[PDB]
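Chemist: Shown below is the structure under consideration.
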Amino acid sequence: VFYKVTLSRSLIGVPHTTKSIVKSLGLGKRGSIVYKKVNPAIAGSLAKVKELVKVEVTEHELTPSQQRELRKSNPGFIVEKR
Amino acid sequence: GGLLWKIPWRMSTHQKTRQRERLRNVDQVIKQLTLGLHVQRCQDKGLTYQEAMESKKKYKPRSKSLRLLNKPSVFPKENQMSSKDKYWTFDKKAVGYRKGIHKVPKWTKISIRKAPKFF
RNA sequence: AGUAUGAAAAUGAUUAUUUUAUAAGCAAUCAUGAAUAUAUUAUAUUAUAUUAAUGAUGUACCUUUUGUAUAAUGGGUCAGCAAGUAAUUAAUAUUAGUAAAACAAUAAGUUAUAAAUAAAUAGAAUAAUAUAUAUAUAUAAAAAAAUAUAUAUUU
RNA sequence: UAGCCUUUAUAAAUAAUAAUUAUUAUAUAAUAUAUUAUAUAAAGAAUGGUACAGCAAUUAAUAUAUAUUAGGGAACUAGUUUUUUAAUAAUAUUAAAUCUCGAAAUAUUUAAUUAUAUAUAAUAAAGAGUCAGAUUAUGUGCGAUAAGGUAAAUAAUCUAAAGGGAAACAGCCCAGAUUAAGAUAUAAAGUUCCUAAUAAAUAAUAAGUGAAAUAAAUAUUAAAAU
RNA sequence: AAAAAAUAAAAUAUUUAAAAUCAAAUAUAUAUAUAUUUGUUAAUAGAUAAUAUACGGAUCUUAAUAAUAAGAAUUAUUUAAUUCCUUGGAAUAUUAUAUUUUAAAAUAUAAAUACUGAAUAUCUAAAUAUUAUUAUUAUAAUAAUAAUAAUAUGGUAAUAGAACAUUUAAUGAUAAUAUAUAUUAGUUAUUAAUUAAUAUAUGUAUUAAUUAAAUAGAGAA
RNA sequence: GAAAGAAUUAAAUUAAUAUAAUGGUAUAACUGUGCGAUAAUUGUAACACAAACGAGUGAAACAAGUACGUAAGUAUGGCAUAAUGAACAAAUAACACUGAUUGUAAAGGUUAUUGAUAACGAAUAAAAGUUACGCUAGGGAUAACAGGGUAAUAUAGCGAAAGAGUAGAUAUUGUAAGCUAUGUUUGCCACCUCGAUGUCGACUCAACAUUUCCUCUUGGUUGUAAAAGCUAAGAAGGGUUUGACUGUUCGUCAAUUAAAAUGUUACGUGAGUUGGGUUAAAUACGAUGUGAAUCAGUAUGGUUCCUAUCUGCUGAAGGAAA
């Protein structure tokens with residue numbers, strides 16, 4: 001099981017302890033998705049930043065490449081070269 | 001006070017709805033955190049993900065902060081919370097000992113559910 | 001204050017296009033009609049260009065400042081001119097040559113080749129890694145601080 | 001000179017950060033009144049004296065038809081004595097920058113595990129700039145609980161940050177511009193018009209109260225409830 | 001005096017509260033045991049200076065009859081139809097429209113996922129940088145360019161990197177079908193250079209390029 | 001049953017401690033005592049703490065010796081935390097380290113100690129003023145004035161009502177306290193420029209507010225018989241003065257008037273005036289200072305500019321869409 005955590009809010013008005021916690025967690029920019037294997041340690045860290053973050057549990061995690069592939073929009077065309 | 005910080009003493013309807021939504025989101029986050037931990041513990045014991053999700057007896061979190069957050073006396077849910085504590089902080093130097101939450105700096109990020117028992 | 005040449009700018013007048021006599025501000029940008037101009041593939045229902053219909057948004061620059069549209073500062077405007085450079089040293093980097101030598105080559109010197117110690121004549125394994133040894137305090141020699149030195153080929 | 005900055009390297013490398021584990025107890029369970037496991041609860045290793053709270057000692061304040069002391073008085077027959085006094089006791093009731101016997105959270109910080117390694121320390125050889133800050137939030141000293149005040153503390157922004165909001169807006173609310181583009185989520189804030197964008201429920205108001213800068217003791221009229 | 005009686009319209013107050021009690025709900029054992037949470041006032045007056053009214057402005061409180069049609073744009077608590085149900089639903093009511101029938105009817109289906117909103121994020125292409133794979137062409141363990149992934153790419157003082165314009169020195173073809181210079185119109189992710197047209201000079205580049213020197217770049221005194 | 005001991009708990013750190021204050025203290029640091037009088041010693045100090053540096057604080061340990069204690073042992077001054085001072089320059093050692101041709105020496109090193117730099121990180125061995133004759137670089141980074149911020153102050157208002165008011169708190173009166181307003185003043189702040197005289201008063205000219213002085217309407221007023229009034233409401237249309245003195249705003253005073261309101265407007269008003277005051281250079285007077293000079297002192301005297309570009313206002317034309 002994995003927490004899919006997302007940095008919903010910015011770190012602009014945020015004090016330095018909370019910023020440091022966010023950095024440790026692994027979230028860079030706003031809206032940058034990170035999957036974390038569930039445990040007590042990561043849960044407590046997430047609780048510490050509960051108002052900046054959106055968490056949701058998952059069966060499986062996704063690698064960055066997989067996430068990118070999921071994101072990619074449908075090109076509404078099929079090329080045929082001649 | 002020649003510089004004009006034109007901030008209204010109370011919130012609009014739309015502001016209040018947004019605040020409520022934000023409060024609901026933090027409760028949801030907490031719920032997700034507890035749920036994931038439970039699922040993990042079920043897996044450790046030796047159940048599948050689906051089986052864990054089904055389980056009648058949900059495991060309560062052992063770490064302290066999480067356990068406190070789960071308690072409504074310490075950290076109430078938005079549905080539990082009073083109208084007043086959603087939209088008014090305790091401010092000892094204000095008249096009424098109360099102040100709009102929107103007047104708190106970084107109120108959109110910072111959480112503040114529980115006010116004192118009689119203030 | 002040479003001699004040419006001189007579609008360099010600021011600036012004057014005139015004309016042409018185009019806009020402008022119910023509309024209010026760094027005067028622009030963006031949006032967008034319209035008019036005009038030119039165009040040797042405008043095939044055109046074209047392109048570009050010029051232009052304050054028209055609407056949106058838009059508080060010169062600079063210095064100095066906790067902070068400037070600022071009623072703080074400087075400049076009428078254009079053209080020319082105007083400001084981290086040289087000599088003698090020392091240190092660090094990087095590269096190249098050379099290398100336990102280098103530089104220079106007659107010599108002489110400088111730097112490194114030993115660490116030191118205020119300084120003197122003291123100086124780095126008597127069986128190997130500090131538990132060895134070297135110097136300084138101390139001292140019969142030790143131990144104790146510090147720094148330094150030894151683990152085919154010297155750095 | 002450090003503090004904060006940069007460049008170029010270094011490794012016995014994770015030392016950096018963050019979080020968790022640590023504890024008390026309860027149930028069951030298995031062993032041997034025992035002690036492991038599990039689960040549940042508890043603001044849950046260690047340090048501290050703030051808020052909070054309290055009136056202990058200390059510093060203060062109150063009240064006694066109390067007592068006792070002596071008395072102020074008082075018939076009487078100096079005593080007894082009676083309506084005052086003071087302290088002190090008794091009981092009860094309170095507060096305090098420099099009291100804290102109760103006592104937070106934040107916090108300080110411990111080891112190991114864990115996640116950050118396109119990441120942190122630490123260290124080598126060098127370059128700086130700064131040492132007029134400001135506001136806003138919070139707890140304060142000062143000030144009249146005055147100031148766009150002043151003195152620090154803490155957090156953030158500004159300073160040095162363009163964008164959206166707050167009519168306008170250095171510092172507030174969001175949010176960080178590499179160059180586009182403009183379909184999809186949105187943030188803060190809004191959705192009659194100006195001005196992008198909405199429709200509902202349920203109360204209550206009648207004063208344009210009000211509608212983004214909430215003016216008071218008090219009077220009145222109402223309304224509930226007891 | 002005066003009562004279909006209280007169930008509710010009398011006075012005199014206190015009061016302005018969910019502590020307490022009560023109701024509603026959560027949480028534990030659960031045929032309802034405890035604990036936590038939520039639920040208690042309104043309007044007017046007071047009202048108050050000096051260029052000009054100033055909620056930013058307009059303006060906003062709704063009324064059967066009667067328009068497709070309005071009915072806060074204020075305050076309090078909420079929804080994204082509504083009620084149920086466990087975000088996801090079930091039901092149904094609207095709303096729409098269709099159908100085919102006697103404007104209604106009944107069936108059907110959409111659809112109930114509010115919206116605006118930033119230079120945020122994603123998406124869609126471009127650049128540079130870095131780590132990781134590639135592809136190609138030719139310290140190849142290298143380079144040039146191109147790929148895929150990720151991360152970053154605001155900025156004063158300041159640090160570092162890399163470029164360009166200008167002038168001179170060394171080397172140095174070319175040629176008025178050229179060069180130099182200017183205007184305009186182009187092209188090159190564009191301080192620059194280059195194409196073309198045109199004007200003027202000049203029978204010509206210290207010319208391209210590599211270095212090395214700079215009196216090497218001015219809206220700021 | 002009794003004695004005696006050993007003590008144990010409680011209480012206490014309020015006593016006391018060399019001395020402030022805090023921290024600690026009875027396991028005692030405090031107190032008595034014997035001995036002693038030595039460790040109030042001598043070399044290396046790791047390592048931390050603190051920390052810019054210079055410094056400072058704890059201190060394991062190694063070594064030499066001393067003291068007390070059966071012994072374990074303890075002792076590198078005091079329960080702790082203040083109790084101090086760089087270098088340079090001399091000095092007195094000590095040292096045996098240099099010894100300028102040699103030998104000595106001189107002198108210098110090394111160690112030991114010494115006296116102050118209290119503006120107490122000490123600029124030299126040694127240095128106060130005044131300037132209205134003043135000057136330059138600057139700052140407005142910290143005062144002048146004017147704006148702003150603020151509202152103690154000042155101005156006005158309200159609730160309450162002690163007390164006046166013959167008799168009655170609310171005719172009229174209204175303490176102390178209470179709550180506001182105001183943004184005029186005296187402050188306070190330094191946020192404006194500190195190239196804002198409009199230098200504070202007058203004149204010219206007014207504009208504006210209304211918190212109404214008169215004038216108009218109207219309530220109350222044993223304190224409205226009448227008339228005078230008092231007090232309050234509405235009300236800003238109109239009107240609200242001339243002299244003596246004073247630089248004066250102000251005030252007193254005279255004479256008036258229906259009344260002679262209160263303000264705001266850069267304490268309205270000079271690129272429109274005046275310049276008397278405050279105001280530089282002369283100057284004298286009292287007081288101050290050794291003196292130059294000084295002063296909230298008093299006094300005589302004493303230089304102000306600008307042809308309007310824009311806005312605005314007053315008039316006047318032309319153009320024009322009629």
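A note on labels: chains of the structure tokens are A, B, ... as shown, every chain counts residues from 1, and ligands are counted from 1 in their shown order.
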Can you list, as a list in words, every residue of segment 19-64 of chain A that DSSP puts in helix (DSSP H, G or I)?
Modeler: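 The residues of segment 19-64 of chain A classed as helix (DSSP H, G or I) are residues 19, 20, 21, 22, 23, 24, 25, 40, 41, 42, 43, 44, 45, 46, 47, 48 and 64 of chain A.
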Chemist: Tell me the residues of chain A close to chain B, meaning within 7 Å using only C-alpha atoms, as a PyMOL selection string.
Modeler: chain A and resi 1+3+13+38-40+43-44+47+50-52+54-57+59
Chemist: Any idea which chain E residues end up within 7 Å of chain B if we count only C-alpha atoms (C1' of nucleotides), as a PyMOL selection string please?
Modeler: chain E and resi 36-38
Chemist: Atoms to include: C-alpha atoms (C1' of nucleotides). Write the selected residues as a PDB file, in the first residue's frame.
Modeler:
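Output contents, as saved in again-v6.pdb:
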```
ATOM      1  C1'   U E  36     -17.054  13.172  22.972  1.00  0.00           C
ATOM      2  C1'   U E  37     -19.503  16.865  19.681  1.00  0.00           C
ATOM      3  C1'   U E  38     -23.385  20.216  18.161  1.00  0.00           C
TER       4        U E  38
END
```
Chemist: Among the residues of segment 73-114 of chain B, find those DSSP assigns to strand (DSSP E) from the backbone and print them as a ChimeraX atom specification.
Modeler: /B:88-90,98-100
Chemist: In Å, how far is it from atom CA of residue 89 of chain B to atom CA of residue 16 of chain B?
Modeler: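 Value for the atom CA of residue 89 of chain B-atom CA of residue 16 of chain B distance: 13.6 Å.
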Chemist: Mind listing as a ChimeraX atom specification which residues of chain A are within 7 Å of chain E, counting only C-alpha atoms (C1' of nucleotides)?
Modeler: /A:30-31,65,73
Chemist: Which neighbours of segment 50-55 of chain C fall inside 10 Å, counting only C-alpha atoms (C1' of nucleotides), when residues of the same chain fewer than 5 positions from it are skipped, and could you give them as number ranges by chain?
Modeler: C: 17-20, 27, 31-37
Chemist: Have a look at atom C1' of residue 89 of chain C and atom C1' of residue 124 of chain D and let me know their distance in Å, one decimal.
Modeler: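 We find that atom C1' of residue 89 of chain C and atom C1' of residue 124 of chain D lie 26.9 Å from each other.
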Chemist: What are the closest atom pairs, with distances in Å to one decimal, for each residue of segment 164-191 of chain D lying within 12 Å of segment 152-162 of chain E, using only C-alpha atoms (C1' of nucleotides), rows by chain and rising residue number, as a tab-separated table?
Modeler:
```
residue	atom	partner	partner_atom	distance
D:176	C1'	E:154	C1'	7.1
D:177	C1'	E:154	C1'	6.5
D:178	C1'	E:153	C1'	5.0
D:179	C1'	E:153	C1'	11.0
```
Chemist: For residue 63 of chain A, list every protein, DNA or RNA residue within 10 Å, evaluated using only C-alpha atoms (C1' of nucleotides), and leave out those in the same chain fewer than 5 positions away; present the list as a PyMOL selection string.
Modeler: chain A and resi 34-35+68
Chemist: Tell me which of D:23, D:31, D:93, D:205 sits closest to residue 63 of chain D, counting only C-alpha atoms (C1' of nucleotides).
Modeler: D:93
Chemist: Show me, as number ranges by chain, the residues of chain A whose atoms get within 10 Å of chain D, using only C-alpha atoms (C1' of nucleotides) for the distance check.
Modeler: A: 8-18, 20-27, 29-30, 36-37, 39-48, 73
Chemist: Just need the residues of chain B within 10 Å of chain D, counting only C-alpha atoms (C1' of nucleotides), so spit them out as a CSV table (one decimal) with C-alpha atoms, in the first residue's frame.
Modeler:
```csv
chain,number,residue,atom,x,y,z
B,1,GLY,CA,-3.3,54.5,11.0
B,2,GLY,CA,-2.8,56.3,7.7
B,3,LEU,CA,-2.0,53.2,5.7
B,4,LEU,CA,-5.2,51.5,4.7
B,5,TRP,CA,-5.2,47.7,5.1
B,6,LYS,CA,-8.8,47.4,3.9
B,7,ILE,CA,-9.7,44.0,5.3
B,8,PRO,CA,-13.3,43.5,6.3
B,9,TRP,CA,-14.1,42.4,9.9
B,10,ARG,CA,-16.2,39.4,8.6
B,11,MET,CA,-16.1,36.9,5.7
B,12,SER,CA,-18.3,36.7,2.6
B,14,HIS,CA,-18.0,32.4,-0.7
B,15,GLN,CA,-15.1,32.8,1.6
B,18,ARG,CA,-14.1,27.9,0.8
B,59,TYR,CA,-6.8,-0.7,13.1
B,60,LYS,CA,-6.4,2.6,15.0
B,62,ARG,CA,-0.4,3.8,17.2
B,63,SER,CA,1.7,6.9,16.6
B,64,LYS,CA,0.7,9.8,18.9
B,65,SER,CA,0.0,12.7,16.6
B,67,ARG,CA,-4.1,9.3,17.3
B,68,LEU,CA,-4.7,12.8,18.6
B,74,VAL,CA,-8.7,17.4,20.1
B,93,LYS,CA,-6.9,41.3,23.0
B,102,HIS,CA,-9.5,35.4,7.7
B,103,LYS,CA,-7.6,38.0,9.9
B,104,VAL,CA,-5.1,35.2,10.9
B,105,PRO,CA,-2.0,35.3,8.7
B,106,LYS,CA,-1.8,32.3,6.3
B,107,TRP,CA,-5.2,31.1,7.4
B,108,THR,CA,-5.6,29.2,4.2
```
Chemist: So the first atom is atom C1' of residue 199 of chain F and the second is atom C1' of residue 270 of chain F; what is the distance between them in Å, to one decimal place?
Modeler: 12.0 Å
Chemist: Wanna dump the chain F-chain B contacts at 12 Å for me, each residue with its shortest atom pair and the distance in Å to one decimal, counting only C-alpha atoms (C1' of nucleotides), ordered by chain and number, as a Markdown table?
Modeler:
```
| residue | atom | partner | partner_atom | distance |
| --- | --- | --- | --- | --- |
| F:148 | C1' | B:2 | CA | 7.7 |
| F:149 | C1' | B:2 | CA | 6.4 |
| F:150 | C1' | B:1 | CA | 8.4 |
| F:191 | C1' | B:2 | CA | 10.3 |
```
Chemist: Excluding residue 84 of chain B and any residue of its chain fewer than 4 positions from it, enumerate the residues within 12 Å of it, using only C-alpha atoms (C1' of nucleotides), and give them as a PDB file with N, CA and C atoms (P, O5', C5', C4', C3', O3' and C1' of nucleotides), in the first residue's frame.
Modeler:
```pdb
ATOM      1  N   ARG B  10     -15.567  40.751   8.801  1.00  0.00           N
ATOM      2  CA  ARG B  10     -16.196  39.441   8.611  1.00  0.00           C
ATOM      3  C   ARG B  10     -16.001  38.925   7.188  1.00  0.00           C
ATOM      4  N   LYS B  16     -16.517  31.772   3.287  1.00  0.00           N
ATOM      5  CA  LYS B  16     -16.953  30.780   4.274  1.00  0.00           C
ATOM      6  C   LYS B  16     -17.082  29.373   3.691  1.00  0.00           C
ATOM      7  N   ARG B  20     -14.812  26.136   4.721  1.00  0.00           N
ATOM      8  CA  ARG B  20     -15.469  24.846   4.991  1.00  0.00           C
ATOM      9  C   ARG B  20     -14.891  23.703   4.166  1.00  0.00           C
ATOM     10  N   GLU B  78     -15.144  18.952  10.257  1.00  0.00           N
ATOM     11  CA  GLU B  78     -15.924  20.119   9.826  1.00  0.00           C
ATOM     12  C   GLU B  78     -17.407  19.967  10.166  1.00  0.00           C
ATOM     13  N   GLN B  80     -18.579  18.149  12.599  1.00  0.00           N
ATOM     14  CA  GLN B  80     -18.624  18.250  14.063  1.00  0.00           C
ATOM     15  C   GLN B  80     -18.534  19.697  14.546  1.00  0.00           C
ATOM     16  N   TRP B  88     -14.359  32.013  13.321  1.00  0.00           N
ATOM     17  CA  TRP B  88     -13.855  32.920  14.361  1.00  0.00           C
ATOM     18  C   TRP B  88     -12.774  32.273  15.225  1.00  0.00           C
ATOM     19  N   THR B  89     -11.586  32.877  15.227  1.00  0.00           N
ATOM     20  CA  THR B  89     -10.511  32.515  16.159  1.00  0.00           C
ATOM     21  C   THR B  89     -10.743  33.153  17.518  1.00  0.00           C
ATOM     22  N   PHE B  90     -10.042  32.624  18.518  1.00  0.00           N
ATOM     23  CA  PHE B  90      -9.923  33.266  19.824  1.00  0.00           C
ATOM     24  C   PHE B  90      -8.784  34.283  19.763  1.00  0.00           C
ATOM     25  N   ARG B  98     -12.788  37.489  20.382  1.00  0.00           N
ATOM     26  CA  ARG B  98     -12.981  36.788  19.120  1.00  0.00           C
ATOM     27  C   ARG B  98     -12.538  37.657  17.948  1.00  0.00           C
ATOM     28  N   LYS B  99     -12.104  36.983  16.889  1.00  0.00           N
ATOM     29  CA  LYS B  99     -11.523  37.620  15.717  1.00  0.00           C
ATOM     30  C   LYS B  99     -11.778  36.699  14.535  1.00  0.00           C
ATOM     31  N   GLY B 100     -12.038  37.267  13.359  1.00  0.00           N
ATOM     32  CA  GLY B 100     -12.251  36.461  12.154  1.00  0.00           C
ATOM     33  C   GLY B 100     -11.031  35.615  11.830  1.00  0.00           C
ATOM     34  N   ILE B 101     -11.249  34.393  11.341  1.00  0.00           N
ATOM     35  CA  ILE B 101     -10.134  33.483  11.011  1.00  0.00           C
ATOM     36  C   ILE B 101      -9.366  34.044   9.811  1.00  0.00           C
ATOM     37  N   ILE B 112      -6.740  25.742  12.566  1.00  0.00           N
ATOM     38  CA  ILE B 112      -7.124  26.131  13.928  1.00  0.00           C
ATOM     39  C   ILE B 112      -8.607  25.795  14.150  1.00  0.00           C
ATOM     40  N   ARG B 113      -8.843  24.610  14.707  1.00  0.00           N
ATOM     41  CA  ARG B 113     -10.194  24.081  14.908  1.00  0.00           C
ATOM     42  C   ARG B 113     -10.724  24.416  16.297  1.00  0.00           C
ATOM     43  N   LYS B 114      -9.928  24.100  17.315  1.00  0.00           N
ATOM     44  CA  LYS B 114     -10.369  24.137  18.707  1.00  0.00           C
ATOM     45  C   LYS B 114     -10.118  25.503  19.350  1.00  0.00           C
ATOM     46  N   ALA B 115     -11.195  26.127  19.835  1.00  0.00           N
ATOM     47  CA  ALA B 115     -11.109  27.313  20.686  1.00  0.00           C
ATOM     48  C   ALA B 115     -11.284  26.878  22.146  1.00  0.00           C
ATOM     49  N   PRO B 116     -10.950  27.765  23.113  1.00  0.00           N
ATOM     50  CA  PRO B 116     -11.208  27.456  24.527  1.00  0.00           C
ATOM     51  C   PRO B 116     -12.686  27.226  24.857  1.00  0.00           C
ATOM     52  N   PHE B 119     -14.610  30.630  25.529  1.00  0.00           N
ATOM     53  CA  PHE B 119     -14.134  31.817  24.804  1.00  0.00           C
ATOM     54  C   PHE B 119     -14.083  31.539  23.305  1.00  0.00           C
TER      55      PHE B 119
ATOM     56  P     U E  38     -18.578  21.590  20.069  1.00  0.00           P
ATOM     57  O5'   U E  38     -20.001  21.746  19.379  1.00  0.00           O
ATOM     58  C5'   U E  38     -20.117  21.725  17.950  1.00  0.00           C
ATOM     59  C4'   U E  38     -21.557  21.529  17.548  1.00  0.00           C
ATOM     60  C3'   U E  38     -22.557  22.440  18.241  1.00  0.00           C
ATOM     61  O3'   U E  38     -22.645  23.705  17.597  1.00  0.00           O
ATOM     62  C1'   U E  38     -23.385  20.216  18.161  1.00  0.00           C
ATOM     63  P     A E  76     -23.328  37.442   8.210  1.00  0.00           P
ATOM     64  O5'   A E  76     -24.227  36.271   8.805  1.00  0.00           O
ATOM     65  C5'   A E  76     -24.646  36.310  10.179  1.00  0.00           C
ATOM     66  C4'   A E  76     -25.469  35.089  10.507  1.00  0.00           C
ATOM     67  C3'   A E  76     -25.022  33.795   9.839  1.00  0.00           C
ATOM     68  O3'   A E  76     -24.011  33.155  10.602  1.00  0.00           O
ATOM     69  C1'   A E  76     -27.365  34.047   9.608  1.00  0.00           C
ATOM     70  P     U E  77     -22.932  32.245   9.871  1.00  0.00           P
ATOM     71  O5'   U E  77     -23.755  30.930   9.518  1.00  0.00           O
ATOM     72  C5'   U E  77     -24.322  30.124  10.563  1.00  0.00           C
ATOM     73  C4'   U E  77     -25.030  28.929   9.979  1.00  0.00           C
ATOM     74  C3'   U E  77     -24.322  28.242   8.823  1.00  0.00           C
ATOM     75  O3'   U E  77     -23.355  27.311   9.281  1.00  0.00           O
ATOM     76  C1'   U E  77     -26.596  28.555   8.277  1.00  0.00           C
TER      77        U E  77
END
```
